[PDB]
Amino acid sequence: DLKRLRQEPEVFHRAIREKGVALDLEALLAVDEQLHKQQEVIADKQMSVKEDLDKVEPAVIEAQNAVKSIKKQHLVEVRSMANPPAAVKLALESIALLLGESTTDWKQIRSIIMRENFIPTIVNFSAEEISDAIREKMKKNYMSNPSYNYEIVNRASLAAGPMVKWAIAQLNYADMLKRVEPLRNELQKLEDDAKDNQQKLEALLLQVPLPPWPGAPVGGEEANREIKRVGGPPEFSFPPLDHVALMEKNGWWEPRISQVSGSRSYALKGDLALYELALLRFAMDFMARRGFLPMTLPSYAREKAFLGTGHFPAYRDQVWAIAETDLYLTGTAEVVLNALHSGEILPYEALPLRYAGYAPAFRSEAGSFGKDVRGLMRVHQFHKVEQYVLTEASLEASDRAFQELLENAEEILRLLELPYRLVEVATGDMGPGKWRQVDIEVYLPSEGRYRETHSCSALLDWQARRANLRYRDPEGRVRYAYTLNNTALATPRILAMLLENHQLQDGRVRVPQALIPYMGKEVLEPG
């Protein structure tokens, strides 16, 4: 918000430092000021060109109607002459010259006058299409002749009089075009400087961070801090396998996929494949019982919807584009969900919107080299159910929906019988649009640590302003809404945690009580 950025210089400097955003806020505002000055100059100069061309247009329209109104009997007593009066012959020659005729034969040119297409070509005629050669030939041969004149020619023919009128108006228009050209070329550069400034500004603006909540740790990722843990590291009395080894022992995965599809791919087999789909539906039912509206969505969107969530331009490199298309595969259903209502004024009574959106998800994982190289932790395409909340503009509403979103993910993990913890994310690790982020993490025995499975975020109105999400308040004004989101459940990474936490001594794997109705059994069969 420009005006808000000025009246508040400190708040935004602090926000920018806190988030580790390199944003020069004065250079931004100086782009805005410079643009504004460029636009006013462009407008004065456009006016100057417009005045010039407005000078010569009426004579063209007057002559054009005069030629059209020449009677037929008059076109005939010009076509009749073998032997034209000199001032009359001058007139026709100039018309033939201008029309691009390639013959100065009088007989030949006295003819086009009664062409079915003559007037039609005269009307359609454009003075911008006159060459400088014809232009200079017109001044040398004809303007410079004392008889080449409406007054003088019109006395001799009321057919040639109009035509000399028309030819002169065109020449004058043509000479005005010529005059106006250097201002027009200039205006062209200014106009392009200005467009370039508008894109330079719009892209600074899209970097402005939300001020973070006062309770968030201040620093980079190393300032993230655990606030809670529920359950613990399992203890096995046998020597536990990691998830890859479990899937091998049991025939639950298809390693051959990396030859078909490249690295960071996975393909599940037998009871584990069925388990993945059981998990997505369990999570959708769960979210539906919770009063969130179930949705199934495409995994692609246009640029505008990545712009509105903040995925573009900041995290552009995490996104796969679809070539020879304007479409990009989405990493999360939040991009589609956030975009559904752009441009609408929601009635306050609809508030809040609570969506549980399922979509396949795609990530380039560019820049993940050496991270999670094996198994189910980090893959290119995977399946997620997302919680998305749109809310009226209060901290109270937003604090409330953030609590619910977090309890939902926790209750899901309790039902999955997995040990987890909550982590408060630092201002420098939160991302630019965030008020608060809390990550939920599940204990993964093979790495001896917790690994994220959920990220819960409140944004306030920072997505709302970018995606133009607005609502009407009880008072009758339109305001931008607040938004939040959190994962409900994503596979196959949660499968890593489930395999390792619920592995039994004989290498088989238990199903948690809440998943038994979905699976038809209490133990995954060693296919």
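When you see a residue number, it is the position in the sequence shown, counting from 1.
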Would you determine, from the values in the PDB entry, which of 66-74 and 477-485 has the greater average C-alpha temperature factor? 66-74
Averaging the C-alpha B factors as listed in the entry, name the stretch that ends up higher: 364-372 or 135-143. 135-143
Which one of 235, 303, 285, 424 shows the biggest C-alpha B-factor in the PDB entry? 235
Which has the highest CA B-factor per the PDB entry: 297, 329, 218, 113? 113
Chain-relative CA temperature factor third for residue 37: highest
Relative C-alpha B-factor of residue 125, binned into the chain's lowest, middle or highest third: highest
Taking the values exactly as deposited, rank residue 398 by C-alpha B-factor within its chain and report the matching third: lowest, middle or highest. middle
Compared with the other modelled residues in the chain, in which third is the CA B-factor of residue 348? highest
Select lowest, middle or highest to describe the third in which the CA B-factor of residue 50 falls within its chain in this entry. middle
